[PDB]
Amino acid sequence: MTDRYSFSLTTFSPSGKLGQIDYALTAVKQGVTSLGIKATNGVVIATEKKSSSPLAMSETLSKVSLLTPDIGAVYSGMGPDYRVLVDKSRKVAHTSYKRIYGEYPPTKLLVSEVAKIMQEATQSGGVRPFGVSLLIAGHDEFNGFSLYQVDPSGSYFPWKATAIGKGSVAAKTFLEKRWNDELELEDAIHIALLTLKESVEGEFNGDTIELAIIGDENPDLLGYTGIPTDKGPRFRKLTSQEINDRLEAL
Amino acid sequence: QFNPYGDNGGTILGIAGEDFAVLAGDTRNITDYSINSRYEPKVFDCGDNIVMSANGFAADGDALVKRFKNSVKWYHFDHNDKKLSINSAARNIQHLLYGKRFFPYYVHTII
Amino acid sequence: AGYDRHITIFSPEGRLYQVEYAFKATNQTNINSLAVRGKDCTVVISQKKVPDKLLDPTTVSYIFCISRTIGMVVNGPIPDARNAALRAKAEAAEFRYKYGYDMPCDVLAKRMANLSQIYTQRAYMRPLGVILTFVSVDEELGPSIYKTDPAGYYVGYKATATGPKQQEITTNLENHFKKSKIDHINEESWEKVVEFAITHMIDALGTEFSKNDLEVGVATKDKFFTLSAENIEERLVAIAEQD
Amino acid sequence: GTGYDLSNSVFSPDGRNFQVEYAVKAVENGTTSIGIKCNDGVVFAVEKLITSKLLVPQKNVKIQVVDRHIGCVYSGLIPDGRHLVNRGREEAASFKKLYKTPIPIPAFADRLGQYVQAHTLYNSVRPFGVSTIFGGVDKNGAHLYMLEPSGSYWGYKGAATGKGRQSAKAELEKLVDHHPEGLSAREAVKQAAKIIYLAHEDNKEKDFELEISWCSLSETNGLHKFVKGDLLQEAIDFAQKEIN
Amino acid sequence: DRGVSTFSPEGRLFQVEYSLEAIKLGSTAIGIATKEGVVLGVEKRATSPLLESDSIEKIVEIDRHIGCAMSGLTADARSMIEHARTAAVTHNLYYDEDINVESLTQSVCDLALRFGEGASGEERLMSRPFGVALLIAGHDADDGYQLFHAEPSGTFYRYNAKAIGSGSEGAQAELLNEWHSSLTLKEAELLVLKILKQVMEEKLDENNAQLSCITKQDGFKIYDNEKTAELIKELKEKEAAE
Amino acid sequence: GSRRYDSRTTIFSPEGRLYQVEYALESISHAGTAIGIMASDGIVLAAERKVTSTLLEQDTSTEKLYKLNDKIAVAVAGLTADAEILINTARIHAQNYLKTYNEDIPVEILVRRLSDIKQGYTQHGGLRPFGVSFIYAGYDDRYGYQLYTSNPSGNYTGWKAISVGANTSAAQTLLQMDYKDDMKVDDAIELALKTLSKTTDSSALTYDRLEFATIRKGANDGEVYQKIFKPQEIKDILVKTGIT
Amino acid sequence: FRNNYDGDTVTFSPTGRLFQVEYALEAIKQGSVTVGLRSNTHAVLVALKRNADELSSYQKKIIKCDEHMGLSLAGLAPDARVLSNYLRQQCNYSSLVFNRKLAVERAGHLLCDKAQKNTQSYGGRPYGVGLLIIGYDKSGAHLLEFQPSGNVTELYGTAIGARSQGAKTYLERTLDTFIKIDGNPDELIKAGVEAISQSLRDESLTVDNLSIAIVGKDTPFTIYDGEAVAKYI
Amino acid sequence: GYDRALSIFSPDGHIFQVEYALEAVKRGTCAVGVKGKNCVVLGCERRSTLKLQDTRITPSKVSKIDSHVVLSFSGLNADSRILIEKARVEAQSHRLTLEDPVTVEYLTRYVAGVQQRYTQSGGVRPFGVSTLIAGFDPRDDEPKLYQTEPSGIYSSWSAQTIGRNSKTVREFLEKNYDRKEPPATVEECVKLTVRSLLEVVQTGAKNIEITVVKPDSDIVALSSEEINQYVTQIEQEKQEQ
Amino acid sequence: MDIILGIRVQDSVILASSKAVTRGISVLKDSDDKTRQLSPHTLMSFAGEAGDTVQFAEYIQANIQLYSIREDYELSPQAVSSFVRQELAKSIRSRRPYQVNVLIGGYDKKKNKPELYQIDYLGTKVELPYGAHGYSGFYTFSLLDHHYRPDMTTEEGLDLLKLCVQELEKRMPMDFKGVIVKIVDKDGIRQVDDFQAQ
């Protein structure tokens with residue numbers, strides 16, 4: 001017994017490449033297309049619910065996850081790797097921030113915390129890098145709205161809009177045409193549904209699509225009243241109905 | 001509160017002659033005002049022509065004699081059956097006793 | 001270089017061969033299993049094959065009672081099956097002690113899937129060559145079917161199948177639900193839901209079953225239990241008086 | 001490629017663990033041992049190859065007791081079998097300490113099962129080179145078990161492993177068919193003695209010693225005891241008569 | 001690769017055997033035991049004329065009654081000498097007596113096999129065996145004058161005379177003929193000087209060679225260059241005599 | 001066992017080179033070029049952003065220029081994630097020193113400590129080295145304006161002008177050509193931009209592909225000020241220097 | 001084949017063999033010959049000591065474990081020191097805790113289990129020494145043969161080392177004779193010396209070459225070397 | 001955690017990791033040390049692969065372990081710091097317990113001990129560094145000069161050199177250093193040092209640095225001019241013939 | 001307790017420390033130097049628990065000397081005092097705290113100004129024109145509150161200390177066997193060998 005793998009499984013090759021990171025990025029490239037667009041008053045993250053069986057319930061699998069009431073995350077690549085990262089990201093938001101400052105971390109710092117976890121899986125003994133790229137969308141009082149991409153290497157960069165996975169190349173190109181610095185949240189959702197349609201082969205509706213937003217505070221989603229400073233979460237996942245309504249105006 | 005120590009009474013005596021040595025001791029073992037045994041040996045032959053008695057708290061006395069007897073056994077194992085000299089036996093017992101400096105063998109020992 | 005197929009590290013294609021070969025181990029037993037949801041119950045059927053005459057057939061099982069409420073059926077070798085069973089039981093007992101309520105089927109599934117994901121990432125731990133189908137009538141979600149694999153993947157099912165002839169059973173069940181337009185078996189008694197599961201098990205596999213060819217576990221409100229040979233025989237008599 | 005059989009916890013492309021299968025080859029090479037479940041107990045018997053006249057007869061005991069009600073016998077790497085019984089004894093003592101009652105046989109079976117399966121999970125450990133036949137009498141009847149290097153085990157009516165496992169299994173199968181009502185503890189000892197002698201024909205070059213033990217509710221009070229003296233010779237003769 | 005405590009098909013330990021090859025490349029060391037004392041002699045073997053020869057320390061004191069000579073990877077011997085010196089002094093503290101030469105040697109040899117990447121026996125934290133052989137020579141009241149050959153294998157032999165290093169096989173064959181049970185201390189001193197001269201690549205003088213002895217009376221003493229020079233002069237004269 | 005899969009990251013080549021260090025340096029030679037130039041009245045840090053898009057947010061972006069202290073800043077070439085690990089430990093070390101001595105950490109002490117951490121991964125642990133090269137720009141009341149550089153080997157040196165990452169050979173030749181000891185910050189700002197503009201692998205040198213920082217002792221104060229240039233500020237200085 | 005499966009003890013061969021164990025067993029066959037034999041009152045160890053040079057000593061082969069137990073070695077001497085020292089502690093523990101002399105059969109079980117742990121774990125190596133344990137306990141005289149594989153067998157007589165088959169064949173023939181040498185130590189030792197000399201080839205057993213040990217009814221485990229074995233040559 | 005045996009024996013009886021650690025020393029810049037009658041002098045060559053350095057702040061080749069002892073080296077710069085630091089700590093620890101500064105032999109013996117330890121410990125590679133340790137024992141005027149290497153072997157030299165082309169400069173010193181009459185002046189000691197370096201450095205006024213250690217903590221490093229003056233005088237000795 | 005006095009004048013810091021070491025009934029030594037030189041321009045005096053007093057001082061000395069060699073630089077009196085304070089602040093919450101009170105007198109070569117720091121065993125640091133530890137301060141602070149000026153010369157400071165020692169010799173119960181006086185200025189640390197009758 002005992003983990004005797006105390007040495008790195010990712011090492012530098014003669015060419016300077018880090019093999020396992022490259023291959024993790026290859027695993028991301030095979031994954032289903034996910035995207036993110038930043039508007040003036042919100043951010044939208046969307047992906048396709050690739051149901052692996054019609055007998056399976058696609059609702060019981062959320063590719064878009066809430067990290068903090070103001071921060072959401074979506075991915076492309078290995079599902080199980082994403083799920084455990086979400087659990088770790090939710091916890092690190094508390095342990096490394098909320099339990100110290102009494103407030104949730106700003107988007108950039110939580111992204112930096114996630115990036116650190118993924119970086120260590122690149123260097124630590126007896127592990128492989130995470131086979132996922134993440135798109136984290138959030139809001140904080142002093143930075144406004146932001147969108148970040150986190151790669152298997154642990155490197156992260158901010159975006160106005162971007163797509164990852166299968167048809168990222170084609171999707172990024174389409175986003176470059178449609179994006180401007182004056183987009184309203186609804187316009188970004190519209191562009192998000194357009195960009196995602198080119199990536200979807202089969203059925204394209206509110207049950208095959210998973211979409212969430214980082215917009216205004218939702219006092220109806222808070223669960224309580226009586227504290228004026230608490231106005232609800234900014235993260236909201238759109239219902240199957242809410243998607244279909246916008247698909248008629250496609 | 002629990003007291004780890006007791007007193008089993010008794011008395012031991014050692015006199016060295018020119019070519020001999022005696023180690024005596026009464027066979028009485030007591031607790032407070034009761035006699036535990038009228039015959040409980042206190043002076044022991046530890047081999048290598050060495051006699052030893054650790055009088056006071058019998059449980060500590062027995063434990064020390066037992067550990068020294070075992071020290072003589074291992075002295076033969078480690079040094080090609082060499083005889084443990086009386087001066088070497090004494091110094092060995094010092095380390096056995098000072099080993100429990102902060103939880104002492106409550107005994108007066110004579111070899 | 002060529003050791004990317006020995007431990008759980010990425011291949012140049014971004015694949016994990018050890019996880020893929022662990023998937024191959026799940027079919028070693030040549031056993032097919034299916035799970036369906038009733039109106040207020042969940043039923044698991046699994047093929048029971050006892051080749052050796054020297055075996056005690058009462059000890060041959062791939063269905064496990066994890067908790068009072070949760071049951072689990074395994075596809076794969078029995079040593080890995082019992083490894084996953086004991087862990088699930090230990091996790092189920094601990095959850096109840098710490099959080100004051102019975103662990104839900106989907107949560108145990110996620111917990112076991114997370115554990116399986118760790119063997120997918122860590123080099124010294126091998127994946128378990130098993131597929132775990134968890135069933136219960138959850139106090140919040142009702143009848144539940146949640147299935148985990150060596151990849152660490154898990155999801156909820158309206159109904160599911162696992163084994164060598166999984167696809168034949170899957171399409172059979174698919175076609176019924178396309179027809180019925182509902183996501184469950186519209187039946188009040190579990191006895192008929194078991195009968196349904198056995199019926200479509202026969203149709204898809206094209207094979208007749210005796211009382212000792214099958215293995216049934218039923219999940220109901222506040223209890224999961226397994227059927228005896230005679231409980232199954234009674235079920236086999238009822239399906240015979242229809243065909 | 002290849003090399004899937006060099007490390008313990010590695011899956012081969014066909015989902016197999018070759019190191020475990022290699023451990024089985026060490027078992028198959030070993031002496032033959034059996035287990036017979038009777039109407040109120042279990043009987044264990046093993047072949048003991050007499051390498052030379054220098055081996056002190058009746059001294060080199062192979063069958064081992066766990067607790068006071070379980071008997072264990074194995075074929076293959078003897079030191080590995082002892083290691084498993086040593087663990088089994090710790091495992092049984094741990095159960096009794098917490099639950100007061102002596103460990104049930106199915107409970108004890110899984111305890112060995114999980115421990116053997118554990119040695120197929122890491123490349124830092126080697127799989128067990130033994131197949132172990134074990135069992136006894138508990139709260140609700142008698143139980144017989146056989147444990148493979150893979151960690152796999154089942155309940156058995158009759159069990160056999162080692163050199164002459166096929167000859168044994170064939171004889172065990174006849175008994176199951178001809179006795180649907182169940183063999184008696186007395187009869188199982190005789191029958192075990194015969195099966196060993198018959199299964200010895202797969203090793204007939206070397207002379208052997210017979211060793212029998214049993215755990216019966218009526219005959220031994222549900223405690224594991226070795227078959228000795230008159231009852232041993234009676235069984236030895238029963239076999240030596242039906243070998244001709 | 002392959003484990004550091006792996007067995008060869010012949011039943012030998014690879015690392016231990018390869019360690020013996022490292023000693024074969026070491027500078028020559030000769031020990032001769034007599035009823036008058038044990039003599040230890042080494043080849044300094046300076047790698048350059050600019051190297052101050054007296055800084056070469058290949059004969060060391062373990063205790064007043066025990067000294068040793070080294071051959072092979074001399075840097076590996078430092079922790080062995082440290083262990084030996086401690087074991088000698090520690091025994092004296094516990095028993096108010098001198099440690100037996102055989103017991104000291106056994107304690108040094110106990111370290112030898114304490115190597116591996118995780119050998120299930122204790123906590124052998126050492127990546128490789130020692131690359132040095134030792135000639136432990138001393139005196140005790142029980143067994144008189146003694147000479148021991150400690151190897152990285154863990155095994156130690158008691159020799160009347162022993163040569164280790166580059167010119168060991170030739171020097172040992174010489175000791176075979178030259179040694180007898182009635183040799184005097186002076187006869188042994190000259191005999192070490194003679195055989196060293198034969199196996200040394202350089203012409204033996206009081207700078208590239210060092211003598212030492214252990215006697216019951218004065219204990220272990222390293223001969224200063226002036227004392228050795230005269231013994232070399234005495235040796236040359238007795239050789240030229242016939 | 002596990003030995004089979006061990007790369008042995010901390011071993012010497014037959015030539016006496018450290019494989020992983022050499023390969024980590026090869027990795028950095030592809031990363032965006034970073035330049036540091038030290039003048040008489042301050043220091044200039046300049047870095048070329050490797051890989052950009054129209055949709056890349058540059059305002060909220062920082063991938064090469066990081067603030068360690070109020071007096072010390074770094075330029076990064078290589079793995080951004082690896083760099084942030086080392087940056088954080090460096091930021092902690094600076095605060096430990098300030099808490100201990102009630103004085104700001106001298107530039108070399110901080111640089112040496114980071115270089116020692118890098119050296120660690122080179123000699124022991126069996127882990128890969130950090131694929132990062134730092135250019136330290138700092139000031140203390142002992143040596144004044146200081147410019148250091150560190151690489152995966154754990155070796156650090158002081159410079160008047162230096163470059164790390166891509167095209168260092170071409171950049172160093174151009175720097176050694178136009179550098180003068182009596183230079184001013186504004187001259188150095190220009191030199192830094194000119195050198196990058198000639199070593200760039202891209203078409204033109206635009207503001208969106210640059211990070212800029214200066215460490216000056218603003219005459220109208222008496223204290224050291226760190227200025228990490230904003231996108232608009234980079235756009236301005238890019239026009240003024242005659243690059244538009 | 002073999003080369004791919006003999007790297008460590010943790011690896012089985014395709015045939016189910018442990019080559020590292022088998023290689024450790026080969027170190028015994030290279031070792032000097034030693035013989036064990038017993039009656040009903042005594043147990044005797046006769047060992048041939050091996051020397052390097054004619055200037056070296058003949059390395060000891062017999063180790064005392066307790067007043068009633070001891071063993072002879074064949075193979076790696078340091079490994080014999082390790083195992084004998086472990087056995088010394090187990091005999092010692094039995095006395096101090098239970099006031100009970102350690103049964104020879106139990107001593108064999110303990111040596112078996114300790115050797116086994118070095119045959120299943122990574123990083124470790126099998127012990128490279130064979131052992132012949134003799135002892136007089138509560139059930140009379142005993143003789144055990146220990147193999148690094150973990151296999152311990154109780155025998156009337158046996159031999160391990162180089163050419164050991166000669167002595168083993170003799171004892172297998174002399175069985176009915178020596179088993180009855182009760183109450184006569186000198187005759188049992190002579191029977192052991194006649195056994196060991198059936199494995200000679202190079203030389204003849206001399207005074208500083210022969211090593212004999214004995215334990216029994218009223219005989220504590222005592223080793224005889226040199227002058228003390230002259231009356232047996 | 002990581003304890004993989006990196007330094008191990010080969011079939012021929014070599015430890016390749018220690019052997020290759022010496023190759024790293026052969027790569028390192030040349031370092032030389034000569035002892036006079038009343039001083040020791042340490043000389044080090046400076047590389048020229050890149051020239052635009054800040055000489056004030058760039059770590060110098062000769063390091064002070066204590067006020068009376070100095071250490072120069074050849075090989076990996078990063079590795080040398082770890083040895084220097086450990087030596088500097090032991091220097092103070094010795095003063096704290098013995099109430100007397102280290103002897104040059106003792107300090108050398110310690111550095112060599114650390115180096116040796118890394119040749120038979122798990123999960124570590126040997127130091128790719130050889131050192132020259134020079135100075136004066138407390139209250140002593142007899143010059144001391146020692147050399148260490150990756151293996152952990154150490155010894156004292158009248159004159160020694162390590163690093164690239166140490167083969168060439170050693171030859172010079174072997175046929176230019178007389179033990180009968182060691183450089184009886186600080187000046188003629190520095191001259192013999194510069195002369196030995198010029199055999200390899202190939203015209204390097206800024207490529208040669210000199211440090212002079214005298215008894216009683218008297219250590220001083222020469223400036224470019226002071227050294228350049230020696231070079232000028234030496235180049236004349238050749239041309240005047 | 002032992003007498004530990006410190007006074008900062010115009011260009012120097014002067015430390016006065018009692019020479020007596022008393023254990024129970026006997027005065028074991030009358031020539032004890034209760035000070036250590038941490039660096040050429042920094043001096044630290046100490047008083048407190050028998051063993052802890054010297055052990056802590058030598059420990060601090062070793063660390064500053066190690067820093068001096070590593071950096072080839074002398075830490076400012078402030079930096080040294082901050083290091084000493086943190087060491088005592090750690091100590092107070094440990095298993096067995098250092099019961100040592102210190103005065104740190106150093107000349108800052110950068111500022112060209114003398115500095116005097118008073119730190120107790122708790123880690124309470126304060127900078128003062130004049131400082132004392134133990135019962136000494138009870139007689140001396142009012143004296144120095146009266147006769148102290150910041151422009152006083154080193155000679156004026158030595159006359160001022162003489163006035164303090166005289167008061168401590170009159171009103172204090174313990175015979176502290178006089179004091180050893182040391183001056184810390186731009187030229188380092190020197191000892192006034194003539195204070196027995198200055």
# chains A, B, ... in the order shown; residues from 1 in each chain; ligands from 1
call {"tool": "closest_atom_pairs", "arguments": {"of": "chain E", "to": "chain B", "cutoff": "6 Å", "atoms": "only C-alpha atoms", "output": "tab-separated table"}}
result
residue	atom	partner	partner_atom	distance
E:94	CA	B:92	CA	5.5
E:95	CA	B:88	CA	4.4
E:96	CA	B:88	CA	5.5
E:103	CA	B:79	CA	6.0
call {"tool": "select_by_dssp", "arguments": {"residues": "segment 10-153 of chain A", "states": "alpha helix (DSSP H)", "output": "PyMOL selection string"}}
result
chain A and resi 19-30+79-93+99-101+107-123
call {"tool": "interface_residues", "arguments": {"of": "chain H", "to": "chain F", "cutoff": "7 Å", "atoms": "only C-alpha atoms", "output": "list in words"}}
result
residues 2, 17, 20, 21, 23, 24, 52, 53, 54, 57, 58, 59, 77, 78, 123, 124 and 125 of chain H
call {"tool": "closest_atom_pairs", "arguments": {"of": "chain I", "to": "chain H", "cutoff": "12 Å", "atoms": "only C-alpha atoms", "output": "CSV"}}
result
residue,atom,partner,partner_atom,distance
I:54,CA,H:96,CA,11.5
I:55,CA,H:96,CA,9.9
I:56,CA,H:96,CA,11.5
I:57,CA,H:96,CA,10.9
I:58,CA,H:96,CA,7.1
I:59,CA,H:96,CA,7.8
I:60,CA,H:96,CA,10.6
I:61,CA,H:96,CA,9.0
I:62,CA,H:92,CA,5.9
I:63,CA,H:92,CA,8.1
I:64,CA,H:92,CA,9.9
I:65,CA,H:92,CA,7.4
I:66,CA,H:92,CA,6.5
I:67,CA,H:88,CA,9.6
I:68,CA,H:66,CA,9.8
I:69,CA,H:66,CA,6.7
I:70,CA,H:88,CA,7.6
I:71,CA,H:64,CA,10.1
I:72,CA,H:64,CA,8.7
call {"tool": "atom_distance", "arguments": {"atom1": "atom CA of residue 10 of chain E", "atom2": "atom CA of residue 19 of chain G"}}
result
11.1 Å
call {"tool": "residues_around", "arguments": {"residues": "residue 128 of chain H", "least_positions_apart": "2", "cutoff": "7 Å", "atoms": "only C-alpha atoms", "output": "PDB file with C-alpha atoms, in the first residue's frame"}}
result
ATOM      1  CA  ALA H  21      28.534  15.782 -10.895  1.00  0.00           C
ATOM      2  CA  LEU H  22      32.272  16.186 -11.564  1.00  0.00           C
ATOM      3  CA  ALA H  24      29.372  19.793 -14.088  1.00  0.00           C
ATOM      4  CA  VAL H  25      32.458  21.023 -12.202  1.00  0.00           C
ATOM      5  CA  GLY H  75      30.320  24.077 -11.080  1.00  0.00           C
ATOM      6  CA  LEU H  76      26.627  24.807 -10.536  1.00  0.00           C
ATOM      7  CA  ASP H  79      24.067  24.250  -5.678  1.00  0.00           C
ATOM      8  CA  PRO H 126      24.991  14.961  -5.506  1.00  0.00           C
ATOM      9  CA  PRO H 150      31.050  15.934  -5.154  1.00  0.00           C
TER      10      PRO H 150
END
call {"tool": "residues_around", "arguments": {"residues": "segment 213-230 of chain F", "least_positions_apart": "4", "cutoff": "6 Å", "atoms": "only C-alpha atoms", "output": "list in words"}}
result
residues 42, 43, 44 and 45 of chain F
call {"tool": "closest_atom_pairs", "arguments": {"of": "chain G", "to": "chain D", "cutoff": "8 Å", "atoms": "only C-alpha atoms", "output": "CSV"}}
result
residue,atom,partner,partner_atom,distance
G:4,CA,D:6,CA,7.5
G:5,CA,D:6,CA,6.9
G:10,CA,D:126,CA,4.9
G:11,CA,D:126,CA,6.5
G:12,CA,D:22,CA,6.0
G:13,CA,D:22,CA,6.4
G:14,CA,D:22,CA,5.3
G:15,CA,D:25,CA,5.8
G:16,CA,D:26,CA,4.4
G:17,CA,D:26,CA,6.6
G:112,CA,D:79,CA,6.5
G:113,CA,D:79,CA,6.6
G:116,CA,D:79,CA,5.8
G:120,CA,D:126,CA,5.0
G:121,CA,D:125,CA,5.1
G:122,CA,D:124,CA,5.0
G:149,CA,D:79,CA,7.6
G:150,CA,D:79,CA,5.4
G:151,CA,D:79,CA,6.5
G:153,CA,D:60,CA,6.5
G:154,CA,D:56,CA,6.3
G:155,CA,D:55,CA,4.6
G:156,CA,D:54,CA,5.2
G:157,CA,D:54,CA,5.8
G:158,CA,D:54,CA,7.2
G:171,CA,D:54,CA,7.8
G:172,CA,D:54,CA,6.0
G:175,CA,D:54,CA,7.2
call {"tool": "closest_atom_pairs", "arguments": {"of": "chain B", "to": "chain G", "cutoff": "12 Å", "atoms": "only C-alpha atoms", "output": "JSON lines"}}
result
{"residue": "B:62", "atom": "CA", "partner": "G:96", "partner_atom": "CA", "distance": 11.7}
{"residue": "B:63", "atom": "CA", "partner": "G:96", "partner_atom": "CA", "distance": 10.3}
{"residue": "B:65", "atom": "CA", "partner": "G:96", "partner_atom": "CA", "distance": 11.9}
{"residue": "B:66", "atom": "CA", "partner": "G:96", "partner_atom": "CA", "distance": 8.1}
{"residue": "B:67", "atom": "CA", "partner": "G:96", "partner_atom": "CA", "distance": 9.3}
{"residue": "B:69", "atom": "CA", "partner": "G:96", "partner_atom": "CA", "distance": 10.6}
{"residue": "B:70", "atom": "CA", "partner": "G:92", "partner_atom": "CA", "distance": 8.3}
{"residue": "B:71", "atom": "CA", "partner": "G:92", "partner_atom": "CA", "distance": 11.2}
{"residue": "B:73", "atom": "CA", "partner": "G:66", "partner_atom": "CA", "distance": 9.2}
{"residue": "B:74", "atom": "CA", "partner": "G:88", "partner_atom": "CA", "distance": 9.3}
{"residue": "B:76", "atom": "CA", "partner": "G:64", "partner_atom": "CA", "distance": 10.2}
{"residue": "B:77", "atom": "CA", "partner": "G:64", "partner_atom": "CA", "distance": 7.9}
{"residue": "B:78", "atom": "CA", "partner": "G:85", "partner_atom": "CA", "distance": 10.1}
{"residue": "B:80", "atom": "CA", "partner": "G:64", "partner_atom": "CA", "distance": 10.6}
{"residue": "B:81", "atom": "CA", "partner": "G:64", "partner_atom": "CA", "distance": 10.5}
call {"tool": "residues_around", "arguments": {"residues": "segment 142-152 of chain E", "least_positions_apart": "5", "cutoff": "10 Å", "atoms": "only C-alpha atoms", "output": "PyMOL selection string"}}
result
(chain B and resi 80+82-83) or (chain E and resi 15-17+19-20+23+31-40+65-70+100-102+105-106+108-114+128-137+157-164+214-216) or (chain G and resi 56-57)
call {"tool": "residues_around", "arguments": {"residues": "residue 50 of chain G", "least_positions_apart": "3", "cutoff": "8 Å", "atoms": "only C-alpha atoms", "output": "compact mmCIF listing (two decimals) with C-alpha atoms, in the first residue's frame"}}
result
# COMPACT_ATOMS: atom_id res chain seq x y z
CA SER G 32 28.78 -24.13 3.36
CA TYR G 58 36.53 -20.00 9.72
CA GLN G 59 33.26 -18.02 9.89
CA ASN G 209 37.05 -26.37 10.64
call {"tool": "atom_distance", "arguments": {"atom1": "atom CA of residue 41 of chain A", "atom2": "atom CA of residue 206 of chain F"}}
result
28.8 Å
call {"tool": "residues_around", "arguments": {"residues": "segment 179-196 of chain H", "least_positions_apart": "6", "cutoff": "6 Å", "atoms": "only C-alpha atoms", "output": "ChimeraX atom specification"}}
result
/H:36-37,169
call {"tool": "write_last_selection", "arguments": {"atoms": "C-alpha atoms", "output": "compact mmCIF listing (two decimals), in the first residue's frame"}}
result
# COMPACT_ATOMS: atom_id res chain seq x y z
CA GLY H 36 52.17 31.78 0.41
CA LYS H 37 54.29 31.95 3.56
CA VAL H 169 46.54 25.65 -14.92
call {"tool": "closest_residue", "arguments": {"among": "D:139, D:152, D:34, D:133", "to": "residue 79 of chain C", "atoms": "only C-alpha atoms"}}
result
D:152
call {"tool": "atom_distance", "arguments": {"atom1": "atom CA of residue 217 of chain E", "atom2": "atom CA of residue 140 of chain E"}}
result
11.4 Å
